[PDB]
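A quick note on method: Cβ atoms are made from the backbone with ideal geometry, for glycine too, and the neighbour counts reach across all protein chains shown. Derivation of every value follows stated rules applied to the coordinates shown; laboratory data play no part.
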Amino acid sequence: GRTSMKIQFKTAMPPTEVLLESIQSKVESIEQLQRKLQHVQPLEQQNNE
Amino acid sequence: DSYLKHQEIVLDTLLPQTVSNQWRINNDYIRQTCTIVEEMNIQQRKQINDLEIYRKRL
């Protein structure tokens with residue numbers, strides 16, 4: 001397991017940091033868009049009301 | 001990410017549809033307010049005329 005933990009987690013950390021570099025940007029892109037629904041909804045109700 | 005942009009724009013279209021109909025209802029009210037407010041003004045003027053007219057007769 002210590003061989004696996006080493007081999008696998010090193011691969012995981014490389015796959016993670018490679019993904020993270022590309023996907024943390026796209027996360028922010030996707031996550032800042034989600035916050036827009038939460039304000040687009042909250043205004044919707046006050047206007048309906 | 002593209003799906004989320006289609007989902008977002010739909011909400012803000014409804015924000016406008018509500019915005020327009022809300023201002024449209026208030027727009028109709030406004031005319032009514034100004035219609036009657038004049039009529040009340042007409043009534044009060046006539047009211048004050050009698051009030052002094054009845055005195056000046058007596």
How many of the residues in region A:13-49 are over 28 Å from B:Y3 (Cβ atoms) and either touching a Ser or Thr at 6+ places or on another chain (Cβ under 9 Å) or surrounded by 11 or more Cβ atoms within 10 Å (Cβ to Cβ) (or both)? 1
Enumerate the pairs (first residue in region A:9-35 and within 11 Å of chain B (Cβ to nearest Cβ); second residue anywhere and not in a helix (DSSP H, G or I)) with beta-carbon separation below 9 Å, excluding pairs fewer than 6 apart on the same chain, so at least 6 apart or on different chains. A:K26/B:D1; A:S29/B:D1; A:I30/B:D1; A:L33/B:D1
What's the number of the condition B:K5 fails, among (1) more than 14 Å from chain A (Cβ to nearest Cβ); (2) more than 31 Å from the chain's Cα centre (by Cα); (3) basic (K, R)? (1)
Take B:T13 and decide whether it is more than 14 Å from the chain's Cα centre (by Cα) and more than 9 Å from chain A (Cβ to nearest Cβ). yes
If you go through region A:12-39 one residue at a time, how many are closer than 30 Å to B:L11 by Cβ and among the β-branched types (V, I, T)? 3
Positions within region A:23-42 being touching a helix residue (DSSP H, G or I) at 6+ places or on another chain (Cβ under 8 Å) and among the polar types (S, T, N, Q), in sequence order: A:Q34, A:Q41
Only unsatisfied item for B:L14, checking (1) touching an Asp or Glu at 6+ places or on another chain (Cβ under 7 Å); (2) surrounded by fewer than 10 Cβ atoms within 10 Å (Cβ to Cβ), is (2)
